[PDB]
Amino acid sequence: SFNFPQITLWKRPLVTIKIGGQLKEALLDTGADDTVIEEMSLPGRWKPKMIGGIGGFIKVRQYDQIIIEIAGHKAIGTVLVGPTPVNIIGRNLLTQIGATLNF
Amino acid sequence: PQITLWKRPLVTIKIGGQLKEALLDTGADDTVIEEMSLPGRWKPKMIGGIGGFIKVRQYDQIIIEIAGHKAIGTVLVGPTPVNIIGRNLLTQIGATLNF
Ligand SMILES: CC(C)CN(C[C@@H](O)[C@H](Cc1ccccc1)NC(=O)O[C@H]1CO[C@H]2OCC[C@H]21)S(=O)(=O)c1ccc(N)cc1
Ligand SMILES: [Cl-]
Ligand SMILES: [Cl-]
Ligand SMILES: [Cl-]
Ligand code: NA
């Protein structure tokens, strides 16, 4: 419905992100504490982490202080990389771009 | 009205005569609640998240109260680690995501 993708949540709230100079599709996800992206190379050091969701847990690599643009908004923060079914923008970066849930 | 996302967006819901805590989740297509009984008919469904699929019972035309707002829709019931209010019902309480 109302445009990015979409504001009233009748369609998935999908946006384009840019990370490591590549464009990807991601979901704005208020139910995600953390941002999680499919396998890709990121600079710097990382640390393993397991995170859980509906189905159980997956091991991810945690990269801190990564520059990522989200729907045109610049953010710099933690990105988890692993076998997620969807690229997810979680609250750690939603707060950086000033996203709010209103109702 | 406006929920910041510095913490998890948790609300109280009333469903099937009980009160529960649930997460307002724009990343969820569907509402999924921990095991409970609901009246009427249901059919089995599989739903996938991070870390694979779980089997749930799909109940249609269930009335819920979310933070005070009544709504009706499908509710999936099964071994989810968190009660999640998905877009199918967020739309019914006029939730929007703004930035
Ligand atoms: C992965 C998404 C595309 C979909 N998920 C909703 C999502 O909001 C879950 C919702 C969620 C929340 C807690 C536990 C399980 C699932 N969040 C999630 O997995 O976040 C993980 C990354 O950050 C961490 O903080 C939250 C858990 C971790 S889902 O729970 O798997 C899901 C799938 C299908 C339906 N119909 C409803 C929900
Ligand atoms: Cl976008
Ligand atoms: Cl962060
Ligand atoms: Cl529905
Ligand atoms: Na029913």
Side-chain angles (χ1 to χ4, degrees), chain A residues 1-15 26-38 49-60 70-75 80-103, chain B residues 1-11 13 21-35 45-56 66-71 73 76-99:
Chain A
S1 254
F2 324 29
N3 245 309
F4 11 124
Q6 188 224 144
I7 287 182
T8 70
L9 298 169
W10 281 86
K11 289 187 168 27
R12 294 176 182 141
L14 296 175
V15 295
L27 184 65
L28 301 180
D29 188 355
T30 58
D33 296 344
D34 314 294
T35 295
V36 193
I37 298 299
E38 59 198 352
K49 168 200 180 55
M50 319 266 275
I51 48 165
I54 246 163
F57 289 80
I58 63 160
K59 184 162 318 88
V60 297
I70 301 157
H73 287 84
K74 207 241 234 20
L80 310 177
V81 173
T84 175
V86 176
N87 298 145
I88 281 134
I89 305 310
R91 293 189 297 100
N92 78 124
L93 302 182
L94 290 174
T95 56
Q96 283 200 29
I97 70 181
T100 54
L101 190 64
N102 300 95
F103 70 90
Chain B
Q2 170 177 287
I3 308 84
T4 60
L5 295 173
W6 301 113
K7 289 170 175 91
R8 297 162 90 115
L10 287 178
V11 296
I13 67 167
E21 184 162 71
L23 182 64
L24 305 173
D25 185 356
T26 60
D29 296 339
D30 309 312
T31 296
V32 194
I33 302 306
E34 66 202 349
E35 279 295 348
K45 187 174 167 81
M46 292 277 262
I47 57 169
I50 277 168
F53 282 81
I54 59 172
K55 194 170 175 201
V56 296
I66 304 164
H69 303 252
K70 260 165 178 217
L76 308 181
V77 179
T80 171
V82 172
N83 301 141
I84 56 167
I85 305 302
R87 294 184 298 102
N88 81 121
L89 290 172
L90 294 170
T91 57
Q92 303 301 286
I93 70 174
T96 64
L97 189 59
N98 300 270
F99 60 97

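Sequence lines set the chain letters: A, B, ... in the order given, protein chains first and strands last, and positions in each chain run from 1.
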(message) Minimum heavy-atom separation for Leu9(A) and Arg87(B), please, with both atom names.
(response) O-NH1, 3.0 Å

(request) Could you look at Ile88(A) and say if it's the side chain, the backbone, both or neither that has a heavy atom under 4.5 Å from chain B? (result) side chain

(message) Tell me which of these, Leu23(B), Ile50(B), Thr4(B), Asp25(B), has more heavy-atom pairs under 4.5 Å with chain A than the rest.
(response) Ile50(B)

(message) Can you tell me which portion of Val82(B) sits under 4.5 Å from chain A's heavy atoms? Options are side chain, backbone, both or neither.
(response) neither

(request) Could you look at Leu28(A) and say if it's the side chain, the backbone, both or neither that has a heavy atom under 4.5 Å from chain B? (result) both

(message) Which residues in residues 96-103 of chain A have any heavy atom closer than 4.5 Å to a heavy atom of chain B?
(response) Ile97(A), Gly98(A), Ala99(A), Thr100(A), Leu101(A), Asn102(A), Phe103(A)

(message) Heavy-atom pairs under 4.5 Å with chain B: which of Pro85(A), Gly31(A), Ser1(A), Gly82(A) has the most?
(response) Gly31(A)

(request) Please state whether the side chain, the backbone, both or neither of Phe2(A) comes within less than 4.5 Å of a heavy atom of chain B. (result) neither

(request) Tell me, out of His69(B), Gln2(B), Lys7(B), who's got the most heavy-atom pairs with chain A below 4.5 Å. (result) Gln2(B)

(message) With chain A as the partner, which of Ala67(B), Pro9(B), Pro79(B), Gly86(B) has the greatest number of non-hydrogen pairs under 4.5 Å?
(response) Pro9(B)

(message) Are the side chains of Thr30(A) and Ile3(B) in contact, using a 4.5 Å heavy-atom criterion?
(response) no

(request) Please determine, among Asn88(B), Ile54(B), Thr91(B), the option with the most heavy-atom pairs under 4.5 Å with chain A. (result) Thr91(B)

(message) Could you work out, with side-chain contact (heavy atoms from CB on, under 4.5 Å) as the rule, every residue matching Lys49(A), not counting sequence neighbours?
(response) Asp34(A), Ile51(A), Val60(A), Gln62(A), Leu80(A)

